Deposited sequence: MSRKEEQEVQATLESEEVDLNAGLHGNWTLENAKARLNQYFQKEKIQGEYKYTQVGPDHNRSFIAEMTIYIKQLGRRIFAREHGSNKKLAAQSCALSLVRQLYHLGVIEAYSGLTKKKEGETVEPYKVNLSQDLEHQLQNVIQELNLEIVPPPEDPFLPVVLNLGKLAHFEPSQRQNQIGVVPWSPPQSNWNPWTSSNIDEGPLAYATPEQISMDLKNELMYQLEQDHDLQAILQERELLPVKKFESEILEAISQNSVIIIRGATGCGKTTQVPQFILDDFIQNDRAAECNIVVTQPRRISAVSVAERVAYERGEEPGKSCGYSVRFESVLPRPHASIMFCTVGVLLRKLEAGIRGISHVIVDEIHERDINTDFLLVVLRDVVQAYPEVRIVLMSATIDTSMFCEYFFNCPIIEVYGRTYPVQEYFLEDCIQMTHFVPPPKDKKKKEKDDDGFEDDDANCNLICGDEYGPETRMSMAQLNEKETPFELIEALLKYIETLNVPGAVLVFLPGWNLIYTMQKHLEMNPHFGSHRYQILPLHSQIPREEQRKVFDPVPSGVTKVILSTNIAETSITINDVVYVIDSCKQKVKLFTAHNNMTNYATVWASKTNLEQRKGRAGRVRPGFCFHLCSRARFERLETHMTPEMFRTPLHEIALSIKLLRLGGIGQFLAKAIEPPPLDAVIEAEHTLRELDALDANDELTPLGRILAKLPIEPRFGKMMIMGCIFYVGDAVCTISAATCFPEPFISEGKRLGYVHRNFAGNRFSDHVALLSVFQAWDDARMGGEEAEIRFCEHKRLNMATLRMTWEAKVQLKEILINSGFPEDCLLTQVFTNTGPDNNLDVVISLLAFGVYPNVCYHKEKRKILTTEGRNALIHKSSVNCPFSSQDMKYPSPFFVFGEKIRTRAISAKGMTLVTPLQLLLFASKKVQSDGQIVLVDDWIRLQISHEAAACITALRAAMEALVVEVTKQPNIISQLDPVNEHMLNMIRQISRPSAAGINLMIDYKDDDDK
């Protein structure tokens, strides 16, 4: 157990709290008659009910479908479709006529398996409202089909009547495919091709254009409707991305009401009968090309071929008699929960002895096991520049480094790709003869009850291993090396659990309400495979708690704002609260930074003197974050090269800071348009060492945003979670003790970003908060016996009943103000003296000094 923490609160402040509560006429819960029966201090403190179909209209010559606005300037404002159609045709005919590098690219395009199905695909699309283009990965579904459709309208003098939307499940795919199709038309993105992912877009031209966006972005732009679009291409439907599954529900209603629209669903070689039945038994256009017979090998075959020996229910124990005693004895020593890196090294050295030039595609879960495998290889001098080109391929690296996987290598060098499941069905790498398959997947499991994020390394499906096996037989007779026992393969599920089954639904719930599609549960019931009940109940509960929905489950003015903001609704509300306190910029910066990896280059180690200094004396990763932005935004003043020098010298990832800043500008814009004043979102300079009340309030609002992630510090890295369970301070934290010197925290309480479950519970991105900040924002339920208070039945404080119930009343007073503010956001300019008195009182108890703490000593 742990003793109740004493909160040394001054007599002056305890009166001020009581005064404000009295001035606001707040119904404070009085003390208990006796101990043993404690009282809850929590103060509990609508629109008419409505199904609806998202409206549709075809392309128009004086309309820009991407900016969702009229063209009332330039030549295209008055110009007729016939002129635009001829102007765009003549331009393309002349380009193909001249550019010899473009002619060569078109000659590569015309060799892709999909090419010979061009006639049938175009014929199918023209006849039917919806079709499915099923076909193996590498035929050219993604890159060619949109072009075929566009060219067919250009060549047949109807370029003005074509505007294609193409949805991709991943961010990287939307941007990469746009860059790829642009190159294939001898352009950069911004002409015939463009992309619109989250916090980054390059808009294409208003006519005869393709938009490669993510589904999340499309849904956020449907508020007006699908106006000025001829075709909607939903790509990679087989991956079962939750937002894609959701869009198919929307699009089916759209097809039914507006059958003139054209929907093209594109899928790998899977059972597409589910989607066919869903879209009124639509046609399935089959696409195929040359494939070679790939030899399948499992963990037994690999260990035996390489004569491998590991260092110092389990399916590695189960092994057939048709194998060797040492093979069976060797395999048995391998832990299934880890990937054998030394075996992959042994498999690469075996691939050499076969004397058949070809690239090796190594499938791994995430950026960690790719980083680990890469580091492991470069240690051995054999896997050097002269003999091996080892290229990593995951989401969070520059596109320059990702483009290099397609580049040919000089003969004598082997191209080894250490990739995630991006290279499973989403992209095809050429000259791939060998595939080393870990047989694992990285999925984000989230259990709401304990607020546990688990980036788990779970088993892949049979369908996954069959698709990964097929990545070898596109050049010549290939080999696939599965690192799973022949027993384990039998125990694998046929298909991966679709995201709809195992993902929070509150972001989708808001989308449903914004687009006015009716009831959350009513709409999600129409899904191709509806989500489980508790996930819909959990979503409806989450949005009610935030006052995003009311008792009638109808969207509130607050809920409308949260829907438009593309971040966690809890961070969206934290930003709204931030605006009220005139710290809107800082909270927008913090909110943005959650969407990107850490700007620090720590390399999975403890932080150095340089990175730790950004934290100041606040014992906060979030203060460190805000501080690198202050330092970075100051360094940018001296041009681009000075920015690159600052980043290199301070070991910072420049691409991360730029994308995060860009995101902050876009979040800020959505608040401005929602009615919030300009001068409550200004970049206010701050100190991370000296007294700063604006930073005090940011950390108070942080506590709200990351709730229910709070923890208690015991000794060294060992911390106590909200479940009363043991957890660790993450190595990458500033609050992680460097070497043996134990940190003297002025408070044991920490709010934090993610509650990562691995071997043990690891709290990442930690910020120290006072016990007053704990009671104000980082708690829901509070019970008092008169002397002790019980915060969410996990930790106890020794604080005056009066102060604890008053701090609990401010929380309710703030919620009430947030509701009033969201009805008319411009009221934060001039507030009632009474409202500013409770804001000033929150500002007061946000201070360290308020809890008798001086961070400078």
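- No C-alpha positions are given in the record for the deposited-sequence stretches 1-121, 167-171, 177-178, 441-457, 1003-1010.
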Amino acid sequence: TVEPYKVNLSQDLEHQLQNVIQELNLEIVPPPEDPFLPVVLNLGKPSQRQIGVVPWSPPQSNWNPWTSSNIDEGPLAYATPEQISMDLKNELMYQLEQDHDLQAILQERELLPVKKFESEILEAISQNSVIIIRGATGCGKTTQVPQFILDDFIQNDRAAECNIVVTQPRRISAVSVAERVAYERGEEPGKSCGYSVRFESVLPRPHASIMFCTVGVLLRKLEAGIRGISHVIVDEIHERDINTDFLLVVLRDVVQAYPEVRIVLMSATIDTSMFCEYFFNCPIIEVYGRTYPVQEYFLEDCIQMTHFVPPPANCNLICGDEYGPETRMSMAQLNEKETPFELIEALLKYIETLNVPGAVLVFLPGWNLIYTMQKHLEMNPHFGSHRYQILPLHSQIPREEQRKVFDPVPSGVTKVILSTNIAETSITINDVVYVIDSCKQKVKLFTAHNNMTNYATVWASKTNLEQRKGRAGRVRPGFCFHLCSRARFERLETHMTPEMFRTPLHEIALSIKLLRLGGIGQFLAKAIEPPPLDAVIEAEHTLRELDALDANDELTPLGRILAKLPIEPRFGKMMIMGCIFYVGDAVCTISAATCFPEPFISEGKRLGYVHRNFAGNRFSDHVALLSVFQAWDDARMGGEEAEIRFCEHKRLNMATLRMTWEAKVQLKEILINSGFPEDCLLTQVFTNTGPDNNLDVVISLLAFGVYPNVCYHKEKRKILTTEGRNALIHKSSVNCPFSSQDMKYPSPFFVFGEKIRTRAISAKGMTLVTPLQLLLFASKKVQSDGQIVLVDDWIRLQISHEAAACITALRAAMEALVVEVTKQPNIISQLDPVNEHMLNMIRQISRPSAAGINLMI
From here on, numbers count along this sequence of modelled residues.
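Basically, rigid core = biggest C-alpha set you can superpose within 1.5 Å across the two forms.
- Averaged as a root mean square over residues and superposed structures in 5 other deposited structures of this protein, CA distances to the shown form are larger in 824-832; the pair compared was 787-795 and 824-832 with a core fit.
- Where the other entries of this protein model the residues before and after it, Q50 is dropped from at least a third of them.
- Coordinates for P312 are absent from at least a third of the other compared entries of this protein that model residues on both sides of it.
- Judged by mean Cα B factor in the deposited record, 415-423 ranks above the other of 415-423 and 586-594.
- The stretch with the higher mean CA B factor, choosing between 625-633 and 390-398, is 390-398.
- Within the group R109, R502, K221, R328, the record's highest C-alpha temperature factor is found at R328.
- When the Cα B-factors of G135, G384, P569, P557 are read from the PDB record, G384 comes out highest.
- In the PDB entry, a CA B factor belonging to the lowest third of its chain's modelled residues is recorded for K664.
- Compared with the other modelled residues of the chain, the Cα B-factor recorded for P477 ranks in the highest third.
- Among the modelled residues of the chain, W56 sits in the middle third by CA temperature factor in this PDB entry.
- The PDB entry assigns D679 a C-alpha temperature factor belonging to the middle third of its chain's modelled residues.
- When all modelled residues of the chain are sorted by CA temperature factor, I318 is found within the highest third.
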